[PDB]
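S.K.: Once you've had a glance at the structure underneath, I'll fire off some questions.
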Amino acid sequence: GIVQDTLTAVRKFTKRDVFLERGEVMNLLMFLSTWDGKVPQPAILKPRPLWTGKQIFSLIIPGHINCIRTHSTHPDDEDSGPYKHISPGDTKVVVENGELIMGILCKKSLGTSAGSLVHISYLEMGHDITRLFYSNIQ
Amino acid sequence: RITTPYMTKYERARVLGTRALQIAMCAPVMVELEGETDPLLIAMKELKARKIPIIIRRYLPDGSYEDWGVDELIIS
Amino acid sequence: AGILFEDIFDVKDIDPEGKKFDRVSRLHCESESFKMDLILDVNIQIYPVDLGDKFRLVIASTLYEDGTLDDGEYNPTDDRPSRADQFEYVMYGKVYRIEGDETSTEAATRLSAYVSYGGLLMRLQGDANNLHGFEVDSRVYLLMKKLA
Amino acid sequence: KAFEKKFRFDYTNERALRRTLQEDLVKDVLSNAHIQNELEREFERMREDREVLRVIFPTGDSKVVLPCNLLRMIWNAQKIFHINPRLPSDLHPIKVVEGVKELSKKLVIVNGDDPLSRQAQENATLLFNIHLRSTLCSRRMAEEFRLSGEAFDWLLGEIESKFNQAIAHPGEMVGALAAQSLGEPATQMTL
Amino acid sequence: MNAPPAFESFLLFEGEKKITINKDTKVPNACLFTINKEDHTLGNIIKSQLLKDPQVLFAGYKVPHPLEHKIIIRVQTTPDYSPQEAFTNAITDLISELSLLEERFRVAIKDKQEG
């Protein structure tokens with residue numbers, strides 16, 4: 001169960017602007033059940049240590065899943081032109097090695113569907129692992 | 001024996017259920033139980049150790065009684 | 001050392017496509033003396049950048065300037081090695097792609113190395129002779145500093 | 001022509017070869033006529049399977065439903081073994097051919113030793129095998145997936161295991177599954 | 001019926017210890033203090049004071065369930081410092097700050113009343 005409550009929120013969490021501070025990050029890591037006790041390195045060391053939404057999410061994502069979805073508002077003239085692996089609007093999702101590299105999540109990426117990172121998690125990682133992935137997202 | 005060498009999830013459920021019921025009714029544990037005092041947990045340990053003393057009649061649809069030892073069936 | 005790359009860039013653009021995000025802006029830079037293109041997402045709230053600034057990019061594989069590798073875990077205390085803190089901006093990312101203009105026959109003369117600092121993407125695109133320290137899935141450090 | 005340009009394995013360039021295979025393999029692919037004729041056998045197998053697909057799917061819709069995501073296992077392998085796609089591979093094309101040939105014999109739905117059992121087996125896995133031989137190609141695995149010697153062995157073992165897990169489990173209530181899965185879409189239709 | 005009496009959000013029952021320490025085994029020098037009959041009042045200040053020690057690498061707290069009245073505070077320090085001392089020093093420095101705040105407020109009052 002991933003209801004609207006934590007789907008809008010995960011689209012806002014994984015936007016490119018979500019920079020979490022140190023106390024906020026530690027607060028969030030208290031609610032990861034599948035956390036290995038290691039604080040990731042910040043995306044931004046100087047001037048201020050400042051994590052990102054995609055870092056804490058890539059901590060949620062289980063195992064070493066690989067996935068490439070495409071966020072809902074992706075311009076279709078992007079894959080052809082330049083910026084195809086850059087994506088100025090952050091609309092192409094690439095979970096590579098269990099780790100959100102780019103792209104905003106939504107239900108297209110987190111529902112159950114063809115692709116649908118949670119589906120690839122159920123297929124690749126297991127069945128209790130995706131239970132934990134659901135509850136951790138929430 | 002013309003049958004899937006894997007243990008069906010239905011077979012796994014029924015083996016663990018009956019094994020834990022036996023253990024609850026004083027059947028001797030066949031695994032080095034450490035701190036475990038719950039039938040079902042002991043049944044899972046006994047299964048993962050390949051030591052549950054049970055065999056299965058897989059009844060084919062003609063009537064063949066295919067005998068499989070729970071320690072032979074490839075389990076998850 | 002550990003410096004995969006280093007140069008002085010000049011910002012020719014800040015948001016050509018128009019600002020998509022409020023705290024993050026996308027510099028389009030061109031270097032000096034290496035004939036190299038850079039595209040870089042920057043947190044312009046904590047580190048403001050505008051047109052025509054000349055900053056000094058350095059891309060390293062470690063911060064310790066003795067060569068010893070990083071282990072990639074937040075350790076804010078240890079200074080047993082002396083960090084490369086001559087820089088104002090320091091991001092930490094992972095090279096996630098290295099394209100090139102190679103054809104089936106020859107090798108690539110120009111390369112494009114794409115890095116993603118926790119989600120803020122950079123694309124460093126130039127000659128294949130100085131973009132050769134990079135390799136996919138390599139964790140890398142970007143250190144910028146404006147020049148006066 | 002695109003099908004031939006993409007699945008053929010030229011083996012007649014000596015430049016595109018050294019760009020994508022170690023030198024031992026590139027001299028083994030040209031200094032041999034047994035390797036080249038086996039590669040031609042693979043392409044003919046692939047072309048006639050193409051003609052079979054053109055019969056099964058006469059409308060041309062290539063999106064099928066098969067029990068192993070092969071383009072994702074190839075990716076898991078490229079990640080598990082740190083495959084550098086900028087380097088000549090060490091995977092021998094004949095090894096791809098022979099490996100998928102022996103893999104297709106471990107994916108057994110109908111256990112044979114029996115002419116009608118062998119035919120039911122060849123039918124039960126006719127589409128998945130066409131897929132497997134057109135994605136674990138020898139031209140694609142050497143210029144597109146760039147797998148290595150051991151990445152490929154891991155990939156074969158992985159395909160076989162993830163297939164054997166997909167086989168239907170006896171005693172499964174398939175009638176109840178079908179009923180509920182046809183009825184749950186009846187909750188959003190018209191009228 | 002199933003209405004918990006209002007006083008059992010702050011009143012220990014027999015055998016509750018008010019605090020227990022578990023060493024966290026996933027990492028070195030990490031402890032996990034479970035404090036019974038506390039809430040964000042006492043959890044958040046201790047967390048924010050631990051995050052002031054330069055030898056604390058992780059400080060966090062959580063209320064597991066809001067209907068149960070207890071918090072968990074996870075601390076992780078540098079090897080030359082134990083999380084028990086980091087916790088103790090946090091509480092001592094909070095007590096010191098509030099003592100200072102109390103006397104400063106008494107003086108500010110007694111000046112506002114134009115004493």
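All residue names refer to the structure tokens as shown: chains lettered A, B, ... in order, residues numbered from 1 in each chain, ligands numbered from 1 in order.
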Pull out every residue of chain D sitting within 8 Å of chain A, counting only C-alpha atoms, and send them as a PyMOL selection string.
M.R.: chain D and resi 72+75-76+79
S.K.: Can you write out the residues you just picked, keeping N, CA and C atoms, as a PDB file, in the first residue's frame?
M.R.:
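The resulting file, part-v8.pdb, is shown below:
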ATOM      1  N   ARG D  72      17.447  -6.888 -18.289  1.00  0.00           N
ATOM      2  CA  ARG D  72      17.752  -6.482 -16.934  1.00  0.00           C
ATOM      3  C   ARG D  72      18.723  -7.407 -16.247  1.00  0.00           C
ATOM      4  N   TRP D  75      21.952  -6.257 -17.430  1.00  0.00           N
ATOM      5  CA  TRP D  75      22.346  -5.064 -16.698  1.00  0.00           C
ATOM      6  C   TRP D  75      22.841  -5.402 -15.303  1.00  0.00           C
ATOM      7  N   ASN D  76      22.146  -6.284 -14.598  1.00  0.00           N
ATOM      8  CA  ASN D  76      22.654  -6.744 -13.318  1.00  0.00           C
ATOM      9  C   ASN D  76      24.046  -7.311 -13.464  1.00  0.00           C
ATOM     10  N   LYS D  79      26.680  -4.689 -13.964  1.00  0.00           N
ATOM     11  CA  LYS D  79      26.952  -3.982 -12.723  1.00  0.00           C
ATOM     12  C   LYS D  79      27.691  -4.848 -11.725  1.00  0.00           C
TER      13      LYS D  79
END
S.K.: Tell me which protein, DNA and RNA residues are within 10 Å of range 51-60 of chain B, counting only C-alpha atoms, leaving out same-chain ones fewer than 5 positions away, and put them as JSON, numbers by chain.
M.R.: {"B": [1, 2, 3, 11, 15, 16, 18, 19, 29, 30, 31, 43, 44, 45, 46, 65, 66, 67, 68, 69, 70, 71, 72, 73], "D": [170]}
S.K.: Could you list, as a ChimeraX atom specification, the residues of chain D having an atom within 8 Å of chain B when counting only C-alpha atoms?
M.R.: /D:111,169-171
S.K.: If you measure from CA of residue 81 in chain C to CA of residue 65 in chain C, what distance in Å do you get, rounded to one decimal?
M.R.: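 Straight-line distance from CA of residue 81 in chain C to CA of residue 65 in chain C works out to 7.9 Å.
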S.K.: Let me make sure I understand: among C:84, C:143, C:36, C:1, which one has the smallest atom-to-atom distance to residue 125 in chain C if we use only C-alpha atoms?
M.R.: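 Among the listed residues, the smallest separation from residue 125 in chain C belongs to C:36.
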S.K.: I need the contact residues of chain C against chain E, so if you could list those with any atom within 10 Å, counting only C-alpha atoms, and return them as a list in words, that would help.
M.R.: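 Within 10 Å of chain E on chain C, we get residues 74, 75, 76, 77 and 78 of chain C.
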S.K.: Report the residues of chain E whose backbone DSSP state falls under alpha helix (DSSP H), written as a PyMOL selection string.
M.R.: chain E and resi 40-50+83-112
S.K.: Kindly save the residues from that selection, with C-alpha atoms included, as a PDB file, in the first residue's frame.
M.R.:
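Output saved as out_28.pdb:
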ATOM      1  CA  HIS E  40       9.685  14.957  22.218  1.00  0.00           C
ATOM      2  CA  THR E  41      10.142  17.434  25.048  1.00  0.00           C
ATOM      3  CA  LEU E  42      13.051  15.533  26.509  1.00  0.00           C
ATOM      4  CA  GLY E  43      14.091  13.758  23.353  1.00  0.00           C
ATOM      5  CA  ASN E  44      14.553  16.751  21.125  1.00  0.00           C
ATOM      6  CA  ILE E  45      16.711  18.772  23.516  1.00  0.00           C
ATOM      7  CA  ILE E  46      18.966  15.822  24.241  1.00  0.00           C
ATOM      8  CA  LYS E  47      19.305  15.187  20.533  1.00  0.00           C
ATOM      9  CA  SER E  48      20.128  18.782  19.740  1.00  0.00           C
ATOM     10  CA  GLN E  49      22.676  18.942  22.527  1.00  0.00           C
ATOM     11  CA  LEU E  50      24.331  15.722  21.430  1.00  0.00           C
ATOM     12  CA  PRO E  83      27.995   7.238  23.898  1.00  0.00           C
ATOM     13  CA  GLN E  84      27.255   6.904  27.612  1.00  0.00           C
ATOM     14  CA  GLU E  85      29.556   9.842  28.273  1.00  0.00           C
ATOM     15  CA  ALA E  86      28.137  11.762  25.340  1.00  0.00           C
ATOM     16  CA  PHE E  87      24.645  11.307  26.747  1.00  0.00           C
ATOM     17  CA  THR E  88      25.718  12.214  30.272  1.00  0.00           C
ATOM     18  CA  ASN E  89      27.479  15.346  29.072  1.00  0.00           C
ATOM     19  CA  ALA E  90      24.468  16.366  27.006  1.00  0.00           C
ATOM     20  CA  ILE E  91      22.235  16.192  30.044  1.00  0.00           C
ATOM     21  CA  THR E  92      24.754  18.042  32.189  1.00  0.00           C
ATOM     22  CA  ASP E  93      25.111  20.849  29.673  1.00  0.00           C
ATOM     23  CA  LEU E  94      21.354  21.154  29.292  1.00  0.00           C
ATOM     24  CA  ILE E  95      20.973  21.355  33.066  1.00  0.00           C
ATOM     25  CA  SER E  96      23.662  24.031  33.140  1.00  0.00           C
ATOM     26  CA  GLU E  97      21.996  26.046  30.396  1.00  0.00           C
ATOM     27  CA  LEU E  98      18.612  25.931  32.093  1.00  0.00           C
ATOM     28  CA  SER E  99      20.132  26.948  35.411  1.00  0.00           C
ATOM     29  CA  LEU E 100      21.653  29.939  33.659  1.00  0.00           C
ATOM     30  CA  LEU E 101      18.350  30.676  31.939  1.00  0.00           C
ATOM     31  CA  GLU E 102      16.475  30.514  35.228  1.00  0.00           C
ATOM     32  CA  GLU E 103      18.695  33.012  36.998  1.00  0.00           C
ATOM     33  CA  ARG E 104      18.789  35.309  33.971  1.00  0.00           C
ATOM     34  CA  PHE E 105      14.992  35.267  33.895  1.00  0.00           C
ATOM     35  CA  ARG E 106      14.765  36.051  37.593  1.00  0.00           C
ATOM     36  CA  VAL E 107      17.035  39.040  37.089  1.00  0.00           C
ATOM     37  CA  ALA E 108      15.152  40.202  33.996  1.00  0.00           C
ATOM     38  CA  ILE E 109      11.866  39.988  35.898  1.00  0.00           C
ATOM     39  CA  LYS E 110      13.185  41.791  38.951  1.00  0.00           C
ATOM     40  CA  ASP E 111      14.382  44.572  36.676  1.00  0.00           C
ATOM     41  CA  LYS E 112      11.120  44.748  34.733  1.00  0.00           C
TER      42      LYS E 112
END
